[PDB]
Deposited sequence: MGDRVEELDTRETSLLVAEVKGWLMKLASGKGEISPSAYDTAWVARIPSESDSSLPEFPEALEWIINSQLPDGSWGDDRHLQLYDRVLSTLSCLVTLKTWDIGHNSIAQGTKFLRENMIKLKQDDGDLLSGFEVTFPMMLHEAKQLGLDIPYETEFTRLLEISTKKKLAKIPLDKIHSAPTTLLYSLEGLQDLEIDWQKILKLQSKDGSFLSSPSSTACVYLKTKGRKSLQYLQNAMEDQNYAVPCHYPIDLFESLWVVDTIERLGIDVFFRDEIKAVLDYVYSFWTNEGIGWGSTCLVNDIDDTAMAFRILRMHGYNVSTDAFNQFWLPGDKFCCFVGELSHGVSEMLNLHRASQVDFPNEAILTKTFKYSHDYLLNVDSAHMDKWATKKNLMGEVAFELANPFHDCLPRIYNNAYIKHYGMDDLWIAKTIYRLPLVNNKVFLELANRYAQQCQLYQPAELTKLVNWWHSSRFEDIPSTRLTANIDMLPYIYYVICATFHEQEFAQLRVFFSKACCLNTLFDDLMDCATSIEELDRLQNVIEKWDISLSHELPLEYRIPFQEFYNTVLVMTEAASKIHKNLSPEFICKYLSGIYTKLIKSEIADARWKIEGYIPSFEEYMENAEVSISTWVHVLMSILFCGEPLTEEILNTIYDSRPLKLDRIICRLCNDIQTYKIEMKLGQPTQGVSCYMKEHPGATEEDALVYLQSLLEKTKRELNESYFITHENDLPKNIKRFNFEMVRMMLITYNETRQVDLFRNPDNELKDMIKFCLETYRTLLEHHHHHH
């Protein structure tokens, strides 16, 4: 299971170094033998008998594999090995060097060319034109290889039929995918001088060194040669399939770190990388690199989501260019089709939407429908990624707002391929995206997240027993602790996790009793004691409420002691009044709903929501837990946070979601739900499905307002951890009522049971 034996501090320092390099546009991509050899054809400008890149020629000689091929060493794929080997042999032969390398390479091709077949690996980009061209070039140089098999003959025929259907003016009219593989069109009557207008900012052709080298040899364009000279020097005279991909690489690295849950180590360095990315973001999105020709929706959606989530101002106008009639989207404008990766990232991006961003509703519906209809049996069938379809499955089953951090992180830890490879002109690797260090760190942090759970659950099970809740059920505890662990996972939140679990347990107990209330006068008895918050009146309560209220009262004292030790600027009296204040207001609103139901009273919808927004309870755990979320506090914050816009949005979102799901259940029962009912009495024309549709629409509109208030830092905003808690409280509510998710933690329920049993068995083992 252990992948690296170094201290965590050494792994963290290593990754911080990688990130700071990416924040300057410097990354790591495997060299391409095919591209290095292509570019190494170029003769010196002043002496055409001398190569411009003799260091590249030495690299080719020194990087040949022991079987005589070139290409990706760890994953043998015949398209990759054959195409790469042909390029190196052509270039070695062109310069009349590397005789032993040529002998060893031609031998490989004599033994392996007959093994080439259809459907034997991923289609390399442009393969249908790069492979026949390269084979003809080797044939023209007299290399001792098989010049035709059934496979190559059928391929060439298929390619030439495809080529005849393309007007050659289209290849210089507008950017097409063929600009990445111009070396395959070497012999067509292309207008090479007009092709020069489709070059990128740096002189390249879709960032491909070989494609660019071909245009250079056709046109002698200066900027194209300089692109190559500088690429060669930057990459130590072995170039990749495309360069630079400084935006794609840095965003995929940051994404990987966040999906794995190890961003906790790298806050400042991630900020450095996102500042670099943001310096290239435009209102038309981005492409894969800072010099690239065209924008694409994969890079644009990745940048859009991560930048917005980190508080940067990005416009959804960046997606307009990808719109197609019928509210479909393309990855590249003019494309014939697209793939899964970009739809997965488009789907993720669409869910951090703000109000009045209707394009993100269209992108969500398009990507979600695409993802639902993929062919799972055949997707990434060569396993370039460890589990791409598992990522798609997880994303379809877990809405952004219904997902908690560690739930996401622990699922992605199982999907993450430390040895993934990538497909372009040939096979390549991104060692900063896929490596053992990320996974080792992710497993260590996962383990750190578990280390505190035994003691915390043991405190909670002991509190359950000593509170005598068994004398008026404990299975509610593991689920509550599960979700607070998933959202506030850093070990510094120990008191928050425990005080949150205690508070949720208490209110669950109180509300389950209040919803059983035989009749109203016991409620009015309860309300009076709560209003005075006077423990000396607990004898006046119906005895089933004495146990919970006494513990509610006690836990407030304990909470007050703990919070006053943290907040020296706050008096214990102030904190105690604050806490008993919010729990009074909460229990009062829950009584009101119990009273209404026994009365049969149905208020207007505005009147119902005035109380049901309070009785939904989530806000009371926000206002308590902010005492323990690590932020400095003031009396003004405590006095004004209940009415702040984020807390209002919280109460609205959680009530709507509760009532929408409660109606589905009460449907199968005879009973009418009070949300739909109150809506229908207010709007005497509405079906129950109207009420639902209205609630669902209000829910989705309010979630967009929550995103805008949370991800963007506003003037006089709440402190960061308070906004975080409010946002995660909403997500903890939504996942609890997502009944797809609940249907399908075991660790925690058994631990709690065994621990409880030892308190009741006390000190004697039973058989």
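> Please give the gaps, as residue ranges numbered from 1 in the deposited sequence, where no C-alpha is present.
Coordinates drop out over 1 to 5, 478 to 484, 757 to 764.
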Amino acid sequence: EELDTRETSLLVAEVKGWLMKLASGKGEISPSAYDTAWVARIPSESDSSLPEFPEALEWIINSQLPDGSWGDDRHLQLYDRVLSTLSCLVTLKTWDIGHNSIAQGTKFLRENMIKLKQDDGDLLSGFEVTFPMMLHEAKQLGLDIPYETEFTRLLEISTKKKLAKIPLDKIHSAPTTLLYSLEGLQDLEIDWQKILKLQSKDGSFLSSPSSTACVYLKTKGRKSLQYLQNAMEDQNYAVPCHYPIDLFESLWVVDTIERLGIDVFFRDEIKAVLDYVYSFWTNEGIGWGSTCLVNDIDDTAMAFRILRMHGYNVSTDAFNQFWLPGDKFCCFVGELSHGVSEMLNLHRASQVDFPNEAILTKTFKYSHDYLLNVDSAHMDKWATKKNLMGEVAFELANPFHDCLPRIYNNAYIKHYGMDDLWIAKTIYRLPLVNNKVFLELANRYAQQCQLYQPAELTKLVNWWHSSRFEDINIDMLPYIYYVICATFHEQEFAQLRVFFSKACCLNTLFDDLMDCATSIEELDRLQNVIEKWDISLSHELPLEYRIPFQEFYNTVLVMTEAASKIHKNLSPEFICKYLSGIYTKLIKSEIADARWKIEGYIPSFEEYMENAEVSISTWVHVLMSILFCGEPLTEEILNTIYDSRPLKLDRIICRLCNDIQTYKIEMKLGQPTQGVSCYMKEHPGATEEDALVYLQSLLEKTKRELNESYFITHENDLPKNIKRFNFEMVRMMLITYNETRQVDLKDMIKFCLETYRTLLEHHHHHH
From here on, numbers count along this sequence of modelled residues.
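> Can you let me know which of the two, 671 to 679 or 170 to 178, has the higher average C-alpha B-factor in the entry?
The deposited B-factors put 671 to 679 ahead on the C-alpha mean.
> Please work out which of 116 to 124 and 296 to 304 has the higher mean CA B-factor as recorded in the PDB entry.
Per the PDB entry, the higher value belongs to 116 to 124.
> In terms of CA temperature factor as recorded, identify the highest of 389, 566, 483, 286.
That would be 566.
> So among 80, 249, 607, 202, who wins on Cα B-factor in the entry?
In this record, 607 carries the highest C-alpha B-factor of the candidates.
> Lowest, middle or highest third: where is residue 429 by Cα B-factor in its chain?
CA B-factor rank for residue 429: lowest third.
> Using only modelled residues of the chain, where does the Cα B factor of residue 255 rank: lowest third, middle third or highest third?
According to the entry, residue 255 has a C-alpha B-factor in the chain's lowest third.
> Residue 561's Cα B-factor: lowest, middle or highest third of the chain?
Tercile = highest for this residue's CA B-factor.
> Consider only the C-alpha atoms of the modelled residues in this chain, order them by B-factor as the entry records it, and name the third containing residue 594: lowest, middle or highest.
Top third by C-alpha B-factor.
> Splitting the chain's C-alpha B-factors into thirds, which one does residue 540 fall into?
As the PDB entry reports it, the C-alpha B-factor of residue 540 lands in the highest third of its chain.
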